[PDB]
Amino acid sequence: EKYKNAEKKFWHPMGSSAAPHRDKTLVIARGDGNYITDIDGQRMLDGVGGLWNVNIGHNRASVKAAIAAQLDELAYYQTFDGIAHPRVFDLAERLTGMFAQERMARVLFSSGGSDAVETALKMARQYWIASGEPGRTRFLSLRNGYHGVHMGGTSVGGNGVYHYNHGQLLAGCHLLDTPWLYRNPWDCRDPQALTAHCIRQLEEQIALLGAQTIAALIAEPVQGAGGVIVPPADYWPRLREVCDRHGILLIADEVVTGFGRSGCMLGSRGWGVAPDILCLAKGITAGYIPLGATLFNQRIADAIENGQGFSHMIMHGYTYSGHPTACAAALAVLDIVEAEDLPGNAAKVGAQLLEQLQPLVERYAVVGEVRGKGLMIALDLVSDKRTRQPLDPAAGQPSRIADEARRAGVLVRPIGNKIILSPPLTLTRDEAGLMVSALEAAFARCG
Amino acid sequence: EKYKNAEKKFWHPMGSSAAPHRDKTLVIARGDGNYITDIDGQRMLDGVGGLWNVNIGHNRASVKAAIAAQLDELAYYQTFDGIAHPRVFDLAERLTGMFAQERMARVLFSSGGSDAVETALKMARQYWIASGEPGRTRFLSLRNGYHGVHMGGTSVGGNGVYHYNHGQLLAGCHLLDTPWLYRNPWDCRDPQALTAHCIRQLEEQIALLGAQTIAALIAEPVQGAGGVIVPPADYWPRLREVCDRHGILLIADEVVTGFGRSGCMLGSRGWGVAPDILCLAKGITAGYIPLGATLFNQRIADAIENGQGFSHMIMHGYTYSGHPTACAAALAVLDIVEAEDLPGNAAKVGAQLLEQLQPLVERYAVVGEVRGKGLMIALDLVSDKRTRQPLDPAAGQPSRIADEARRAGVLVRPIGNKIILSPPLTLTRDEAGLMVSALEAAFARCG
Amino acid sequence: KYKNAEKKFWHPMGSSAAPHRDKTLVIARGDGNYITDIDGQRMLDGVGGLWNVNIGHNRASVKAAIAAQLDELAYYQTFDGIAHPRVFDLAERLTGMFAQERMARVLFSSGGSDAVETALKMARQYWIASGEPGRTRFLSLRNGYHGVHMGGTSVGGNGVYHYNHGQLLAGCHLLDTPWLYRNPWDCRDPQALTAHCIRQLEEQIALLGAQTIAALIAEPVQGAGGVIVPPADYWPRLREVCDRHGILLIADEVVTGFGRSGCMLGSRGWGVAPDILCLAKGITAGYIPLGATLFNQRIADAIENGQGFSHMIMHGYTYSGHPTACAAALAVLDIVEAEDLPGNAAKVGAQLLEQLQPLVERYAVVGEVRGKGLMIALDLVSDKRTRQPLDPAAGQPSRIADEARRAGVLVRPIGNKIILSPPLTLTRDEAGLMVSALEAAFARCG
Amino acid sequence: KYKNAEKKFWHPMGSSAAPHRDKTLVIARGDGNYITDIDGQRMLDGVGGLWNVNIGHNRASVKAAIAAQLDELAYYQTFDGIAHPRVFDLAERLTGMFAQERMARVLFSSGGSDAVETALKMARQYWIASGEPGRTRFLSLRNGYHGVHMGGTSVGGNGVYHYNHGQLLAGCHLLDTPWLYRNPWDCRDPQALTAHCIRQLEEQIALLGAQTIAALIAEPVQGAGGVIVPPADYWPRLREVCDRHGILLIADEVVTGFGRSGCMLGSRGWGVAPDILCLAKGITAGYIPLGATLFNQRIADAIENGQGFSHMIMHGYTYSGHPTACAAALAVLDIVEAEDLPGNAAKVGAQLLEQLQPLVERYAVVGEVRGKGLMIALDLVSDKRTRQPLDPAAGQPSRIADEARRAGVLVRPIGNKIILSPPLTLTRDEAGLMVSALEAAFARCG
Ligand SMILES: Cc1ncc(COP(=O)(O)O)c(CN)c1O
Ligand SMILES: Cc1ncc(COP(=O)(O)O)c(CN)c1O
Ligand SMILES: Cc1ncc(COP(=O)(O)O)c(CN)c1O
Ligand SMILES: Cc1ncc(COP(=O)(O)O)c(CN)c1O
């Protein structure tokens, strides 16, 4: 196959479009199980899980059969006002049943995580208007938080790299510090003291703005793309409490943590917390078909459906909201997740994997720390152990380590100064050891 | 089946969430060709084409086989920085080739039309920053224009119904009147005289704002959801001229008109105009798999890839950008479009259909006019002929007319006071006749 | 000897580029309706300072009032629970003058931009106190001018004030102005033009949603935008459409306030009571900076009865209610009513507009000259059939203005228009002097 | 007969609700550093008007300057190409006094909110003339106060001025203030606190991108936020971090300007030259409303050399450069320098701060007393360990103030803090009188 010399007419998301870098490509040809093979026939463990989303593994027959079945019946029809089809009923009933613990009542379907976030922001605005409180407009989010790249979700993202090239977006969006033990304004390495600092900052910000102007707070139960930041255990419970003091809606961004990666069917549930809104994508279809979903609890659902006048008009949604093929594939994916206890496998093998990575910290100066929860882990590379200053990605050392890991048979993901591990949730003890061995080799080479 | 009494745990886009309207459902079970069947076994012509997107018809074998083939090889992998797969190469190559007339150079893929708009807006901002002119940030668009429901695309929409429930959105978006012969501020029923009014208004707005602050103008070559507003023939050729006068980027939202619906492979091409950015979705995969695409010409592409410093880093994109299964299906769909000359069939049967609907205007007082181009047509219903004041949808007569058409075997779409016709582009003379008859019956019963 | 002096200040509304910046007409003295430059040359003050020296320069009684107050209390604050005699007097006086508009409370300031900014922020507070925090958007007119604070800039209808300052307040929307000379419909019938504009206003409200619209702001006669006199039925309809939607109507009376257009209020001159009044300029006849924003009983009752923090008025200025400015204002209002200055403005202004019409006939560059009372503008165009404005960058409007001064009458070029706005004490034959000086100016530089 | 009079104005910064609305201390006369109410009771003016009557009330020379100018030319405009003697004089005077700070141009206005708005809008214009219109965002500090125009409100660091007005200007970002008594780090070491705050600022710049940031605005001593005196190394680092990125440093000197904190500029007292100066209040000692915004050579050269429309300054006010205000300003600046009022404030302020320390020891409700020169605040708390501020809505800070007045000294409650800011001519005897009256007030109402 001659894709090696092929000219590139598309743009890589999240990469330099400048030559000559633009012309480098790792071209993946085939995937099966938790392994992928490039156009050069070299095979590597898929330590990134696609983009933490191929959580059941590549080429699952049952899911492929579900898609084929639905295509023969009805690949697509719309669900706009008064029209629907069987598959959207099935998954909406299914999703609300799985998250009854969070009193979720209604689903607004979409095609991806940014859709789910964009939907959560605009519908949070609608909830307050239907409740007779149109002053509730502002949004809170956390540093290093990532919520997609639609303009709404871009506006609440806590990493500047996604902002710089696009100008002023939504006004009235405010950032809070994240409870990050490795790097935080207080140099605080104690979890209870760090949670308390962050919550006190949150109350002060709420008071300054006036709670009556704030529509929602959005947060990832484990911050993924920002560097696998695992908050302290009491942070999310005290998040829920503070939002309740002011009636502020709590949006859990579960796009990455949804359906098991961190050890629980929800990251918010894993912390013992019921948010007001759930945002889901990625693993929901295990990447097989684009699908996103935003779930709303009974509180929000009741207000909007009883809203007066135009406030009960839901003028938001997508041509492919509730896509029959997408739903069909989703149902098959959820069956595997529950049947094979993929949340349980993630909690077990992830801990084992995290344990095996700790000696890297002592062995290699460039390894600052290794953190994780379930099967999301980040290796934080620093230039200085004492000050925890990140490596500069422009020097290119993190991708060089990544390349050598790949040559050793395991694809992992550099983001800035951090190597992300996010394999399928079916990862075994054996494969977890393979990942350990390849990173050890990469740091011996390029550490 | 027992979906008739079933509980509804999802929200219909573009509809009242209030009871009792919420509990009523037309549940479509199966599709073949241009016909759909509901859970009560009633067959009807798909006069809406899903949501003007199933342009080749339901249950096309070739497309399903292309989907299955790709699932066996690699259903999904990412295309983030330096990583890709064969299908995204093929489809990006194919698209730039189909639109070489427009000098299209790069594609940023996504999953739907709202993505395609959001991406064009955000990347237009990056174009100007990379070209060293970050003061170029504002957006122009048209009244009645519809561009999706992400916060960006919502900000530039020209119909208030999408704005009311969501608060303040993106600043610096400015609306222009649309060259709509039936209803316009000048009561102008002469095409050249109306184009002059609107272009003159556009010049005045640019002068008022300052061209150096204006990034792009976005417009549909035929306005779809705003009511099938067909601009005068010189309108778009004069849009291009004015945008060129000031260096403003012209974004053609081709989500509906893209790939043949209005009689040409592009609506902008159909007016003889090469825009700078294309927004595509819907028919690109004929709805079988969610896919969106935004194309950028060489001008924009060279500028961004040659941008200094951080301006050549494209930190915008999606988990499912370049989805292999979506691309595989898209490639199969484009074969049919060109092989069966689907734009030409749309021009021909569309004209025939439009001609056959004209006697409705004389026969039914409630019919104000019937307009269209290709296989997008709208019947504009009024209460008063001389003032052309729209029927109020809250009275429900347009929905009653739509229902009666369905009972006569043709599903059509009420939007506001207008009945939208947008069936598959494979529509035959025979099927067009059934649509005329079903409307004639509907207007006899509920007109 | 200020002629060669180096200039360490910036002229508002002018080129800061060299060498243009280095020129100066330095006014040394003022008395009555005349001024004297540093070269001892006198001229009629055809601009009235900046349409604000409406009683004339060097009125003894006003200076006597200022001296009296300085001896007693030049300044004290009027923040929560503290005030002084003069602010009681002036607030009582202003609310008395505008009982026809049901004015109940005054929030004082120092200028027109202050008053507009105050009207905008307090409109926001009114709705919040009324339990409707969704009411935030603002409407205003094309060519409208409302000062240069960021709020007032955001609602300005002329681009020249926007270009150099970036993104300001969101949710501000412009409407076309009912200008018979130039409008989007090329409508030359006043009744048809008002109908065009109101229909557009109704359309904009529906597009935006009235429940999101806080207020509409408009000048009864648009001054700096070029003396655009609206049709007589425009302002009554305006009031009615806003009442349809509960939208507050802010009348910008900074220029028209106290008589220039023939009535103590332009809004009253059209028979309309707005919800908020913006006043400045003539309120003290320019002798001391003062501004005022007045609110009707509707607004006052809502804010003063607001729940919790919503009745806290956390807006105001160090010099809100300044005693000496108030002292001066009281003396100025005495003269305005005693000498019926609105009545003189109507009568002599009409006379003057009549005397200026032959200029249009004689000089191609004169497109039209319009006015109401003692605000008048001559519209200079490059083409009669297209009404295309003269380009100010060519400098012809500046050159006609210079020759008028050489003929003894100082006038004001704004863009392509010459503005006439002398004191409201103008006499029948000072108006004759103005006609002769312009005729000379257009003969020389037309 | 004003006590029973109906109140037709609104007090800024106070409840407009009945029955609070109609309680009023009516000041009738002012002379020296004392004021007299309508009941003939005199009290020391511990608030200085509103920290602006810095030379005292009823200064003969200043009154004479005002009268002299009124006889000559009370007002004329300074818009494009027109000016008058007094504005030249004061512009030259101000740029000379601040030659150390390289100040080059003045844009005059009428108050502190004007001066702030002008600094913000011209900061936007500077970057446009420099070819960098992407520079739009503004930084400021928590508890910082910069007036009540929509611009200045947008950068304000206290919620109380925001709650009733909805969404204002976007792209304004707040930084924590280096306040040793209350800070997010509970940091009680001044060097360590400066390090926390500068580290935070570097993080903010990185997240936003320096190329999007137009200016940072801050008071050299934060006034209305509670007299927060920064550590001595804070402002030097502010300058240095701003210089790393070309970000403009706006010093809000409305209160600290001309001596209150011991120096002609607060920024100068920290050894720093900002790019922009905002001045008001004491500039005329309250006698006539005046504000001024000064710009350094850097900004002046860029704007005056800007291409095309970028050198047109379409910002300014009818009363920009008001002659009578300038005349008074010149007379006041003579007194400020001749009587070394910055030094008197430094010496008597220190003395007063020391003498106020025994109050802290004696009354639980006094959390701490801080100050620099003659701006001092007593910080009232409900609990000494948690530093929780007193709630102003409970009214105890006002009751304490009321008894202080009854003891002959007028002081100012703002929130939970009693502000002392008397004229800069304060004598050791009067400083002791202020201590004696506060000691009495806390014995009664503490
Ligand atoms: C937490 C979270 N939020 C939102 C998104 C956006 O998802 P998508 O790429 O499907 O648009 C992502 C993508 N990584 C995410 O990690
Ligand atoms: C012109 C246009 N652009 C954008 C969109 C958004 O498409 P999607 O629903 O797939 O997001 C639509 C959908 N009707 C559209 O009509
Ligand atoms: C109509 C109007 N409103 C407000 C203003 C602003 O007044 P000031 O310059 O005193 O701030 C002006 C001054 N031209 C004005 O003409
Ligand atoms: C620091 C500061 N900034 C600006 C202002 C606004 O001043 P003014 O009241 O004259 O508008 C104030 C008012 N106290 C101030 O203290």
# chains A, B, ... in the order shown; residues from 1 in each chain; ligands from 1
call {"tool": "select_by_dssp", "arguments": {"residues": "stretch 268-382 of chain D", "states": "helix (DSSP H, G or I)", "output": "ChimeraX atom specification"}}
result
/D:268-269,281-283,297-304,308-311,323-338,341-362
call {"tool": "residues_around", "arguments": {"residues": "residue C:144", "least_positions_apart": "4", "cutoff": "6 Å", "atoms": "only C-alpha atoms", "output": "JSON, numbers by chain"}}
result
{"C": [156, 157, 225]}
call {"tool": "interface_residues", "arguments": {"of": "chain A", "to": "chain D", "cutoff": "6 Å", "atoms": "only C-alpha atoms", "output": "MDAnalysis selection string"}}
result
chainID A and resid 160 171 208
call {"tool": "write_last_selection", "arguments": {"atoms": "N, CA and C atoms", "output": "PDB file, in the first residue's frame"}}
result
ATOM      1  N   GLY A 160      -4.814  27.213  27.813  1.00  0.00           N
ATOM      2  CA  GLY A 160      -4.701  28.287  26.842  1.00  0.00           C
ATOM      3  C   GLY A 160      -4.431  27.825  25.420  1.00  0.00           C
ATOM      4  N   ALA A 171     -18.492  35.302  26.762  1.00  0.00           N
ATOM      5  CA  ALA A 171     -18.191  36.117  27.928  1.00  0.00           C
ATOM      6  C   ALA A 171     -18.747  35.466  29.189  1.00  0.00           C
ATOM      7  N   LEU A 208     -18.287  36.896  44.948  1.00  0.00           N
ATOM      8  CA  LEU A 208     -17.877  38.059  44.172  1.00  0.00           C
ATOM      9  C   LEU A 208     -18.814  38.308  42.998  1.00  0.00           C
TER      10      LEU A 208
END
call {"tool": "residues_near_ligand", "arguments": {"ligand": "ligand 3", "cutoff": "7 Å", "atoms": "only C-alpha atoms and all ligand atoms", "output": "number ranges by chain"}}
result
C: 111-114, 116, 145-148, 219, 222-224, 252-255, 280-281; D: 316-319
call {"tool": "write_last_selection", "arguments": {"atoms": "N, CA and C atoms", "output": "PDB file, in the first residue's frame"}}
result
ATOM      1  N   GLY C 111     -21.598  65.552  33.116  1.00  0.00           N
ATOM      2  CA  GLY C 111     -21.665  65.771  31.684  1.00  0.00           C
ATOM      3  C   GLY C 111     -22.640  64.834  31.007  1.00  0.00           C
ATOM      4  N   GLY C 112     -22.736  65.003  29.690  1.00  0.00           N
ATOM      5  CA  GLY C 112     -23.703  64.239  28.928  1.00  0.00           C
ATOM      6  C   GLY C 112     -23.364  62.765  28.857  1.00  0.00           C
ATOM      7  N   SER C 113     -22.077  62.443  28.694  1.00  0.00           N
ATOM      8  CA  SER C 113     -21.648  61.046  28.680  1.00  0.00           C
ATOM      9  C   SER C 113     -21.915  60.374  30.020  1.00  0.00           C
ATOM     10  N   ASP C 114     -21.675  61.095  31.116  1.00  0.00           N
ATOM     11  CA  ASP C 114     -22.020  60.587  32.436  1.00  0.00           C
ATOM     12  C   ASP C 114     -23.505  60.261  32.519  1.00  0.00           C
ATOM     13  N   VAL C 116     -25.737  59.667  30.210  1.00  0.00           N
ATOM     14  CA  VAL C 116     -26.130  58.548  29.364  1.00  0.00           C
ATOM     15  C   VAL C 116     -25.677  57.241  29.988  1.00  0.00           C
ATOM     16  N   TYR C 145     -25.754  59.977  18.586  1.00  0.00           N
ATOM     17  CA  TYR C 145     -24.541  60.243  19.341  1.00  0.00           C
ATOM     18  C   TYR C 145     -24.905  60.379  20.807  1.00  0.00           C
ATOM     19  N   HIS C 146     -24.214  59.626  21.661  1.00  0.00           N
ATOM     20  CA  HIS C 146     -24.571  59.579  23.071  1.00  0.00           C
ATOM     21  C   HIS C 146     -23.335  59.596  23.961  1.00  0.00           C
ATOM     22  N   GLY C 147     -22.266  60.259  23.519  1.00  0.00           N
ATOM     23  CA  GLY C 147     -21.055  60.359  24.311  1.00  0.00           C
ATOM     24  C   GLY C 147     -20.066  59.241  24.047  1.00  0.00           C
ATOM     25  N   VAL C 148     -18.997  59.235  24.850  1.00  0.00           N
ATOM     26  CA  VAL C 148     -17.820  58.437  24.534  1.00  0.00           C
ATOM     27  C   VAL C 148     -17.314  57.633  25.731  1.00  0.00           C
ATOM     28  N   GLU C 219     -32.173  60.724  20.529  1.00  0.00           N
ATOM     29  CA  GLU C 219     -32.197  62.180  20.610  1.00  0.00           C
ATOM     30  C   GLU C 219     -33.444  62.711  19.915  1.00  0.00           C
ATOM     31  N   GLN C 222     -31.377  64.724  16.369  1.00  0.00           N
ATOM     32  CA  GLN C 222     -30.017  64.208  16.424  1.00  0.00           C
ATOM     33  C   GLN C 222     -29.058  65.335  16.076  1.00  0.00           C
ATOM     34  N   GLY C 223     -28.157  65.656  17.000  1.00  0.00           N
ATOM     35  CA  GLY C 223     -27.292  66.806  16.844  1.00  0.00           C
ATOM     36  C   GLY C 223     -26.044  66.525  16.039  1.00  0.00           C
ATOM     37  N   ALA C 224     -25.042  65.921  16.686  1.00  0.00           N
ATOM     38  CA  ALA C 224     -23.753  65.689  16.044  1.00  0.00           C
ATOM     39  C   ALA C 224     -23.861  64.763  14.844  1.00  0.00           C
ATOM     40  N   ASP C 252     -32.304  61.294  24.921  1.00  0.00           N
ATOM     41  CA  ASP C 252     -31.037  61.994  25.099  1.00  0.00           C
ATOM     42  C   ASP C 252     -31.299  63.469  24.837  1.00  0.00           C
ATOM     43  N   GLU C 253     -31.487  64.236  25.918  1.00  0.00           N
ATOM     44  CA  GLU C 253     -31.775  65.661  25.841  1.00  0.00           C
ATOM     45  C   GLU C 253     -30.553  66.506  26.174  1.00  0.00           C
ATOM     46  N   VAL C 254     -29.353  65.938  26.031  1.00  0.00           N
ATOM     47  CA  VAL C 254     -28.128  66.666  26.351  1.00  0.00           C
ATOM     48  C   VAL C 254     -28.057  67.961  25.552  1.00  0.00           C
ATOM     49  N   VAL C 255     -28.365  67.894  24.257  1.00  0.00           N
ATOM     50  CA  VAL C 255     -28.344  69.075  23.392  1.00  0.00           C
ATOM     51  C   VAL C 255     -29.692  69.789  23.377  1.00  0.00           C
ATOM     52  N   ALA C 280     -27.467  67.730  30.152  1.00  0.00           N
ATOM     53  CA  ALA C 280     -26.139  68.267  30.415  1.00  0.00           C
ATOM     54  C   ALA C 280     -26.000  69.624  29.744  1.00  0.00           C
ATOM     55  N   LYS C 281     -24.778  69.970  29.328  1.00  0.00           N
ATOM     56  CA  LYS C 281     -24.533  71.141  28.489  1.00  0.00           C
ATOM     57  C   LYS C 281     -25.230  72.402  29.007  1.00  0.00           C
TER      58      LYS C 281
ATOM     59  N   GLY D 316     -13.359  62.165  23.924  1.00  0.00           N
ATOM     60  CA  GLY D 316     -13.229  63.376  24.703  1.00  0.00           C
ATOM     61  C   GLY D 316     -14.599  63.921  25.033  1.00  0.00           C
ATOM     62  N   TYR D 317     -14.591  65.006  25.807  1.00  0.00           N
ATOM     63  CA  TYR D 317     -15.794  65.494  26.468  1.00  0.00           C
ATOM     64  C   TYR D 317     -15.970  66.982  26.221  1.00  0.00           C
ATOM     65  N   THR D 318     -17.238  67.403  26.197  1.00  0.00           N
ATOM     66  CA  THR D 318     -17.574  68.823  26.085  1.00  0.00           C
ATOM     67  C   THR D 318     -16.783  69.668  27.077  1.00  0.00           C
ATOM     68  N   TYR D 319     -16.553  69.142  28.274  1.00  0.00           N
ATOM     69  CA  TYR D 319     -15.855  69.869  29.318  1.00  0.00           C
ATOM     70  C   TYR D 319     -14.399  69.437  29.453  1.00  0.00           C
TER      71      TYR D 319
END
call {"tool": "interface_residues", "arguments": {"of": "chain A", "to": "chain B", "cutoff": "6 Å", "atoms": "only C-alpha atoms", "output": "PyMOL selection string"}}
result
chain A and resi 9-18+25-31+50+73-85+92-93+106-108+122+125-126+149+151-152+162+165-166+170+288+305+312-317
call {"tool": "residues_around", "arguments": {"residues": "residue C:377", "least_positions_apart": "4", "cutoff": "7 Å", "atoms": "only C-alpha atoms", "output": "JSON, numbers by chain"}}
result
{"C": [226, 227, 369, 370, 371, 417, 418, 419, 420]}
call {"tool": "closest_residue", "arguments": {"among": "D:27, D:390, D:90, D:13", "to": "ligand 4", "atoms": "only C-alpha atoms and all ligand atoms"}}
result
D:13
call {"tool": "residues_around", "arguments": {"residues": "residue A:364", "least_positions_apart": "6", "cutoff": "10 Å", "atoms": "only C-alpha atoms", "output": "PyMOL selection string"}}
result
chain A and resi 381+440+443-444+447
call {"tool": "write_last_selection", "arguments": {"atoms": "N, CA and C atoms", "output": "mmCIF file, in the first residue's frame"}}
result
data_model
loop_
_atom_site.group_PDB
_atom_site.id
_atom_site.type_symbol
_atom_site.label_atom_id
_atom_site.label_comp_id
_atom_site.auth_asym_id
_atom_site.auth_seq_id
_atom_site.Cartn_x
_atom_site.Cartn_y
_atom_site.Cartn_z
ATOM 1 N N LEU A 381 6.616 14.730 32.928
ATOM 2 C CA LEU A 381 8.036 14.929 32.691
ATOM 3 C C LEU A 381 8.397 16.373 33.023
ATOM 4 N N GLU A 440 9.853 1.587 29.969
ATOM 5 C CA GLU A 440 11.184 1.399 30.532
ATOM 6 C C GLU A 440 12.252 1.467 29.442
ATOM 7 N N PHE A 443 12.557 5.190 28.092
ATOM 8 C CA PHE A 443 13.298 6.093 28.966
ATOM 9 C C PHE A 443 14.766 5.721 29.063
ATOM 10 N N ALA A 444 15.102 4.435 28.924
ATOM 11 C CA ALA A 444 16.508 4.064 28.818
ATOM 12 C C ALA A 444 17.127 4.674 27.571
ATOM 13 N N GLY A 447 15.333 8.985 27.894
ATOM 14 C CA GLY A 447 15.046 9.637 29.160
ATOM 15 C C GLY A 447 16.141 10.582 29.623
#
call {"tool": "residues_around", "arguments": {"residues": "residue A:343", "least_positions_apart": "4", "cutoff": "9 Å", "atoms": "only C-alpha atoms", "output": "number ranges by chain"}}
result
A: 259-265, 337-338, 347-348, 374, 425
call {"tool": "write_last_selection", "arguments": {"atoms": "N, CA and C atoms", "output": "PDB file, in the first residue's frame"}}
result
ATOM      1  N   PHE A 259     -18.510   5.268  31.652  1.00  0.00           N
ATOM      2  CA  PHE A 259     -18.579   3.842  31.356  1.00  0.00           C
ATOM      3  C   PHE A 259     -17.314   3.076  31.735  1.00  0.00           C
ATOM      4  N   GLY A 260     -16.521   3.560  32.696  1.00  0.00           N
ATOM      5  CA  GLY A 260     -15.624   2.652  33.389  1.00  0.00           C
ATOM      6  C   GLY A 260     -14.145   2.965  33.520  1.00  0.00           C
ATOM      7  N   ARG A 261     -13.623   3.947  32.775  1.00  0.00           N
ATOM      8  CA  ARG A 261     -12.170   4.098  32.688  1.00  0.00           C
ATOM      9  C   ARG A 261     -11.533   4.303  34.060  1.00  0.00           C
ATOM     10  N   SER A 262     -12.219   4.997  34.969  1.00  0.00           N
ATOM     11  CA  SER A 262     -11.646   5.334  36.265  1.00  0.00           C
ATOM     12  C   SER A 262     -12.044   4.371  37.377  1.00  0.00           C
ATOM     13  N   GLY A 263     -12.728   3.277  37.057  1.00  0.00           N
ATOM     14  CA  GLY A 263     -13.091   2.289  38.053  1.00  0.00           C
ATOM     15  C   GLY A 263     -14.562   2.261  38.400  1.00  0.00           C
ATOM     16  N   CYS A 264     -15.381   3.071  37.740  1.00  0.00           N
ATOM     17  CA  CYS A 264     -16.789   3.169  38.072  1.00  0.00           C
ATOM     18  C   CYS A 264     -17.546   3.537  36.799  1.00  0.00           C
ATOM     19  N   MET A 265     -18.835   3.177  36.748  1.00  0.00           N
ATOM     20  CA  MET A 265     -19.637   3.489  35.563  1.00  0.00           C
ATOM     21  C   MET A 265     -19.711   4.991  35.308  1.00  0.00           C
ATOM     22  N   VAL A 337     -19.882  -3.857  28.219  1.00  0.00           N
ATOM     23  CA  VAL A 337     -19.330  -3.148  29.377  1.00  0.00           C
ATOM     24  C   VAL A 337     -19.834  -3.768  30.676  1.00  0.00           C
ATOM     25  N   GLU A 338     -21.135  -4.020  30.751  1.00  0.00           N
ATOM     26  CA  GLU A 338     -21.721  -4.574  31.964  1.00  0.00           C
ATOM     27  C   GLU A 338     -21.441  -6.064  32.095  1.00  0.00           C
ATOM     28  N   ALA A 347     -10.361  -0.775  37.284  1.00  0.00           N
ATOM     29  CA  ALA A 347      -9.900  -0.533  38.648  1.00  0.00           C
ATOM     30  C   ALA A 347      -8.783  -1.492  39.047  1.00  0.00           C
ATOM     31  N   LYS A 348      -8.854  -2.741  38.591  1.00  0.00           N
ATOM     32  CA  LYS A 348      -7.915  -3.767  39.039  1.00  0.00           C
ATOM     33  C   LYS A 348      -6.591  -3.691  38.285  1.00  0.00           C
ATOM     34  N   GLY A 374      -8.023   4.133  37.693  1.00  0.00           N
ATOM     35  CA  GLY A 374      -8.494   3.237  36.643  1.00  0.00           C
ATOM     36  C   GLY A 374      -7.470   3.146  35.525  1.00  0.00           C
ATOM     37  N   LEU A 425     -10.361  -0.916  28.017  1.00  0.00           N
ATOM     38  CA  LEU A 425     -10.663  -1.378  29.367  1.00  0.00           C
ATOM     39  C   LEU A 425     -10.593  -2.893  29.496  1.00  0.00           C
TER      40      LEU A 425
END
call {"tool": "closest_residue", "arguments": {"among": "D:433, D:292, D:341, D:356", "to": "chain C", "atoms": "only C-alpha atoms"}}
result
D:292
call {"tool": "select_by_dssp", "arguments": {"residues": "stretch 111-277 of chain B", "states": "strand (DSSP E or B)", "output": "PyMOL selection string"}}
result
chain B and resi 138-142+173-176+214-219+223+229+249-253+277
call {"tool": "residues_around", "arguments": {"residues": "residue D:52", "least_positions_apart": "6", "cutoff": "10 Å", "atoms": "only C-alpha atoms", "output": "ChimeraX atom specification"}}
result
/C:75-77,318 /D:254-257,260,280-287,421-424
call {"tool": "atom_distance", "arguments": {"atom1": "atom CA of residue D:99", "atom2": "atom CA of residue D:330"}}
result
17.2 Å
call {"tool": "residues_around", "arguments": {"residues": "residue B:351", "least_positions_apart": "2", "cutoff": "9 Å", "atoms": "only C-alpha atoms", "output": "ChimeraX atom specification"}}
result
/B:346-349,353-356,372-375
call {"tool": "atom_distance", "arguments": {"atom1": "atom CA of residue C:129", "atom2": "atom CA of residue C:326"}}
result
29.5 Å
